[PDB]
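Here is what each chain is made of, one letter per residue.
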Number of protein chains: 4
Amino acid sequence: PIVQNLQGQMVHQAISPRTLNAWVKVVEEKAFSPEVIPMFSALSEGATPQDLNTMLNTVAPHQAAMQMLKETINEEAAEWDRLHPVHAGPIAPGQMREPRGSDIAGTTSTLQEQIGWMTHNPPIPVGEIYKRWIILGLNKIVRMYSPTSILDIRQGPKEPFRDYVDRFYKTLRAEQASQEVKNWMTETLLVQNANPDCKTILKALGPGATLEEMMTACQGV
Amino acid sequence: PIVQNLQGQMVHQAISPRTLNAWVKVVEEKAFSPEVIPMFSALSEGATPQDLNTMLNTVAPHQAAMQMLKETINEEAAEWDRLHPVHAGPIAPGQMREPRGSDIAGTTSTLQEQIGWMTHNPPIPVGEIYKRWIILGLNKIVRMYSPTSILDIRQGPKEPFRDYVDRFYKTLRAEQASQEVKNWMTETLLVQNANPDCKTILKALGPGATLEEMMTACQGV
Amino acid sequence: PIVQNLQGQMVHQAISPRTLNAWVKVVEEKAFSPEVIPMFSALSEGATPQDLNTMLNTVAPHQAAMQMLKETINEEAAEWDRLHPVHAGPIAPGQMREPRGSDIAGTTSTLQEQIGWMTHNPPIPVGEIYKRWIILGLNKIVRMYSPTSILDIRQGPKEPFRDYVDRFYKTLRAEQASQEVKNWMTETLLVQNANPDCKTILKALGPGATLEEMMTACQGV
Amino acid sequence: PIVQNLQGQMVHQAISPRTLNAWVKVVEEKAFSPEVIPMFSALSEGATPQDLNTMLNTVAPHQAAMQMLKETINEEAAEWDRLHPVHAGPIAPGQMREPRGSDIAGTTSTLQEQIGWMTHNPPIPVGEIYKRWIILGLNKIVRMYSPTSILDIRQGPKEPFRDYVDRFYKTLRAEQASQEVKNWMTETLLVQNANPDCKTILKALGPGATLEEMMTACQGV
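Here is what the cut-offs are and how they apply
- Numbers given to residues start from 1 along each chain, in the order its sequence is written, and need not follow the entry; residues that have no coordinates are not shown.
- Whichever chain is written first becomes A and whichever ligand is written first becomes 1, with later ones labelled in order.
- Any value mentioned applies to the visible chains, which represent part of a larger assembly rather than the whole.
- Computation of side-chain values: all heavy atoms of the structure, hydrogens and water removed.
- Only DSSP runs of H or I covering at least 4 residues are called helices, and only runs of E covering at least 2 are called strands; the numbering of each starts at the N terminus.
- Only protein chains enter the area calculation, which uses a 1.4 Å probe; residues under 20% of their type maximum are buried, those over 50% are exposed, and those in between are partly exposed.
- Pairs of residues are marked as contacts when any of their non-hydrogen atoms sit within 4.5 Å.
- Here the copies are laid over each other by least squares on the C-alpha atoms.
- Multiplying 1.5 Å by the residue count of a helix minus one yields the expected span of that helix.
- The buried area of a pairing is the accessible area, by a 1.4 Å probe, that goes missing from both parts when the two are put together, added over both.
- Here, a salt bridge means any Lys or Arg side-chain nitrogen found within 4 Å of an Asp or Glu carboxyl oxygen.
- Think of it as three bins: nonpolar holds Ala, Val, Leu, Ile, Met, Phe, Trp, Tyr, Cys and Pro, charged holds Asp, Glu, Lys and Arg, and polar takes everything else, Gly as well.
- As used in this structure description, the phrase polar contact means that two N or O atoms lie within 3.5 Å; if the pair is within protein, one of them must be able to donate a hydrogen and the other to accept it, and residues adjacent in sequence are counted only when both atoms belong to side chains.
- Two rings belonging to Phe, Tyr or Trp (six-membered ring only in the last case) form a pair when the distance between their centres is within 6.5 Å. Interplanar angles under 30 degrees mark stacking, angles over 60 mark edge-to-face geometry, and anything in between is tilted.
- In summary, the charge assignment counts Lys and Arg as positive and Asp and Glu as negative, without counting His or the chain termini.
- As a rule, the C-alpha atoms of each element are fitted with a line to give its axis, helices using only the stretch in contact, and angles between N-to-C directions run from 0 to 180 degrees.
- Here the angle decides the label: under 35 degrees means roughly parallel, over 145 means roughly antiparallel, 65 to 115 means roughly perpendicular, and every other value means oblique.
- By the definition used in this description, the sense in which the near helix is turned from the far one sets the handedness, with an anticlockwise turn below a right angle giving left-handed and a clockwise turn giving right-handed.

Per the deposited record, the coordinates in this entry were obtained by cryo-EM to a resolution of 2.2 Å.

See below:
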């Protein structure tokens, strides 16, 4: 992250060892469950590209996930270079240069360059964009590691309705289908795969019933 | 680690008690699993040789692991002395002397010497090299304590494919074979030791199929 | 082969009918076992490219093996042409021209050309190189026809250790893995797949035990 | 071998392809049984060191046997060099030089040198000595590959006595014990391990009975 010294200047501060260890525990203990993404977003709050690469070093022992992340990052960097062509000409002495795709990811840039780029009026967030690319890669990884399809999430004969709903929505978040497909799933498949008693109640409830009404009507069933 | 005082001078800061306690919990509770190495790397982030020896004091009650670490450290120090002979002659007043193998490990050096050595332009990282030697020793220890061979990692009849892949790759990381041998293992043994249904599907998939394609084709099997 | 006439001149001699019949028996009766390669090497001893094509005519009824051989030969001829470019310019009257890839295989050359090329001071062996290409093709064929993986070679409960070792090494020769992979196989998999009594003895024997020591310790078990 | 041309000069003749194929069949089909040694002696009759190395090329795919052969050959060559020191001084123009250990094995010598060395009055057999070294190596290999100890050769309850004697003596030839130990074995162990009826008859026959008398007395038992 970025901190201010006693002289009022923006200075980079390294990630604390226990934050890095929390990230390591998340990587090594949760098997790339969907909750890894909110935890990564929280643990990398206000980070620099060098800090993000330090956090990514934890993923390196997982070859498939790391390769997927690297492919996503390279594609995003190529797209960034395509959409931000290197202008040929003079540059104002008071204005800093434009970083490239290899520079936002911190492959060739330095710490001071990123500190200056992030701290500006108006600021151009380089850490946030790299973080978003990491999140795209992580979403792909979570999709790859998902053990069950949404079509295989069925309510147990004695399973409470709220637990079935939680499992269903967790699997839906893992799968990351299209928005229209997701809406169709939440509207139709959730009712379709319920157990007979809750299914009868939900059918009696009618189409267009909100999730709150369904959980109310199926609370003790 | 190294911190800056109000006067702008680099000053050593001791490891916080809770970071040391986290390291103690890792040592005493995980039985030298492969995840001990990323956790040690995170918890010793930006540390000095004195801090590294403080962290190593936790390993001392484990006689075999500590002896293996000491052997690896002594061998690395001897190699460092061989590759960095003590030059006989004058030394510039503004340039500090060259530490020996017993000095990078902090056996004979002092805190100020290591602080000066690490904080330089350009810097010579003494903490990182000692840390790498520790990691070599820890890798040897993890290999020693591994309970199962990779040849004994077989998918259960009802075990999901992703869990089998995770166990297989964790054992592979523990064993630390040669790169060519590791590639052969990931290409052949993973398919060989799968359960009959996934094995049939993977055989139909053909050689050279990526891990993502295999996990996709075996998701619900 | 090449023989000398009464005048001291090198003359080509055709392969005897019974040598050709021995080669035919090898091709038609052994199902491309690994021993086909030493037998082909012995039976084609000191042969000319025309003789080698005569021997290859026996393989033609086997479409897959013959196609694999032709692909290997064409690739080797293309590589030979690439590494031996046709020089444009004068040629010494006493020095013969350089054969092409289609010429070493005897597709376009004549018998006298090959006789002169092989009989020279210093000699340039054209028959040996074509033979080596044939051996590469035959190795590929033997790999294709191998019925069992090395991972499936397991010592029987009452099988003598020497027979298990012979089967293991025959399969290893058939598979033709990389040298490092082969060393790992002979060091680890042979012990891993032995029966419980021999496995206990070999484990007690320790790593780095020679094959002779293992066969001595497991002789009557 | 060595043949004479029309001018009366000794000329080397290569081994015929079918003799080499017979040797290949012996190597690849008999699993280093004791009969491999008489067959090698017959098939290498009157051979040159180059011919012997050509025959040894068949053994190369068998790593353990080939390594044992190479160790025996190197030891014999070192002993030959020790017992035949290189004399420093003039050499007669009509007398050829003394080959070294690397020269009798054909590693550095040429065909003409060996032809001249073998064809002399009086002749110094270089092929025979190399052949004897090969036979020592092969005897070691046959000992290594022997599946049963002599102590485990026991006559079956209905096995004819002549077959038991043949198996016993074949195992004894494989084991190659000391002469006194071999005499003790043939005198005591053969009677000891016979079946009860033949054992009773042989005990009644008394010590010092010849093998012919034993086979006569046990013919139909």
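From this point on, the discussion continues.
(A) Region of interest: the side chain of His62 of chain A. Residue and element names in this part refer to chain A. One can find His62 in the loop between helix 3 (49-56) and helix 4 (63-83). Residue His62 is classed as buried on the basis of its relative accessible area, which comes to 16%. Excluding anything up to four places from it in sequence, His62 contacts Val27, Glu28 and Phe32.

(B) Focus on the relation of the copies chain B and chain C. The two copies are related by a screw motion: chain B maps onto chain C through a turn of 180 degrees and a shift of 0.0 Å along the axis, at an RMSD of 0.0 Å. This pairing of chains is accounted for by a two-fold axis. Closest approach to the rotation axis among the C-alpha atoms of chain B is made by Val181 of chain B, whose C-alpha sits 2.8 Å away.

(C) Fine view of the arrangement of the chains. A minimum C-alpha distance of 21 Å separates chain A and chain C, which share no contact. Kept free of each other, chain B and chain D leave a smallest C-alpha distance of 21 Å between them.

(D) Spotlight on helix 8 (residues 161-175) of chain D. Residue and element names in this part refer to chain D. Here helix 8 spans 21 Å end to end across 15 residues, near enough to the 21 Å set by a 1.5 Å rise per residue. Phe161, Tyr164, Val165, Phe168, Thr171, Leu172 and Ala174 are the residues of helix 8 that are buried. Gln176 sits one or two positions beyond helix 8 and adopts a positive phi of about 55 degrees.

(E) Summary view of the interface of chain B and chain A. Taken together, the contact between chain B and chain A spans 19 residues of the former and 21 residues of the latter. Across the interface of chain B and chain A, roughly 2000 Å² is buried in total on both sides, 59% from carbon and sulfur atoms. Across the contact surface, chain B and chain A share two salt bridges. As a salt-bridge pair, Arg173 of chain B and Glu28 of chain A come within 2.9 Å of each other at their nearest N and O atoms. Looking at the side of chain B that touches chain A, the elements that each hand over two or more residues are helix 1 (17-29), helix 2 (36-43), helix 8 (161-175) and helix 11 (211-217) of chain B. Its residues assigned to classes, the side of chain B that touches chain A shows eight nonpolar, three polar and eight charged.

(F) Highlighting the interface of chain B and chain C. Between chain B and chain C, the residue contacts involve 10 residues of the former and 10 residues of the latter. Of the roughly 1000 Å² buried between chain B and chain C on both sides combined, carbon and sulfur atoms contribute 67%. Area buried by chain B at its contact with chain C is led by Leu151, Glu180 and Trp184 of chain B, which between them contribute 53% of it. Our count for the contact surface shared by chain B and chain C stands at zero salt bridges. Taken together, the links from chain B to chain C amount to four residue pairs in polar contact. Looking at the side of chain B that touches chain C, its residues break down into five nonpolar, three polar and two charged.

(G) Layout of the pattern of salt bridges. Considering all chains together, one arrives at 40 salt bridges over all chains under this definition. Here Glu113 of chain A makes a salt bridge to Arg97 of chain A, at a shortest N to O gap of 3.2 Å. Taken together, the residues span a long stretch of sequence, with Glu113 of chain A in helix 6 (residues 111-118) and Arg97 of chain A in the loop between helix 4 and helix 5 (101-104) at a distance of 16 residues. Given the relative accessible area of 25%, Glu113 of chain A is considered partly exposed. Across the salt bridge formed by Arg82 of chain D and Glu79 of chain D, the nearest N and O atoms sit 3.4 Å from each other. Of this pair, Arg82 of chain D and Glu79 of chain D both sit in helix 4 (residues 63-83), three residues apart, which is roughly one turn of the helix. The exposure class assigned to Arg82 of chain D is exposed, which follows from its relative accessible area of 59%.

(H) Here's a closer look at the packing of aromatic side chains. All names here are of chain A. Summed over all chains, the structure comprises 25 aromatic pairs over all chains. For the pair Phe32 and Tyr145, a centre-to-centre distance of 5.2 Å together with 35 degrees between the ring planes defines the contact as tilted. Separated by 113 residues along the polypeptide, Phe32 in the loop between helix 1 (17-29) and helix 2 (36-43) and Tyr145 in helix 7 (residues 126-145) bring together distant segments of the chain. Across the pair, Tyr145 and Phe32 agree in class, each one buried.

(I) Seen up close, the side chain of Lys199 of chain B. Take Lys199 of chain B: it is sitting in helix 10 (residues 196-205). Here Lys199 of chain B sits buried without a salt bridge, and the closest side chain of opposite charge, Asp152 of chain C, lies 6.4 Å off (N-O distance). A polar atom in the side chain of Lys199 of chain B sits 3.3 Å from the backbone oxygen of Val191 of chain B. Look past the residues within four positions of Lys199 of chain B in its chain and what remains in contact with it is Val191, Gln192 and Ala194 of chain B.

(J) Highlighting the packing of helix 1 of chain A against helix 2 of chain B. For the pair helix 1 of chain A and helix 2 of chain B, the least separation of the axes is 8 Å and the interaxial angle reads 160 degrees. Here helix 2 of chain B runs roughly antiparallel to helix 1 of chain A, going by the angle between their axes. Crossing geometry of helix 1 of chain A relative to helix 2 of chain B is assigned as right-handed. Residue-level contacts link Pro17, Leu20, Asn21, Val24, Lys25 and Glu28 of chain A of helix 1 of chain A to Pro38, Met39, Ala42 and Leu43 of chain B of helix 2 of chain B. For the contact of helix 1 of chain A with helix 2 of chain B, the per-class residue count stands at seven nonpolar, one polar and two charged.

(K) Representation of the relation of the copies chain B and chain A within the structure. With an axial shift of 0.0 Å and an RMSD of 0.0 Å, the rotation relating chain B to chain A amounts to 72 degrees. Here the transformation between the copies is reduced to the relation of a five-fold axis. For chain B, the minimum C-alpha distance to the rotation axis belongs to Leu6 of chain B and amounts to 6.8 Å. Taken together, the interface assignments show that only 11% of the residues at the interface of chain B recur at the interface of chain A, consistent with different surfaces on the two copies.

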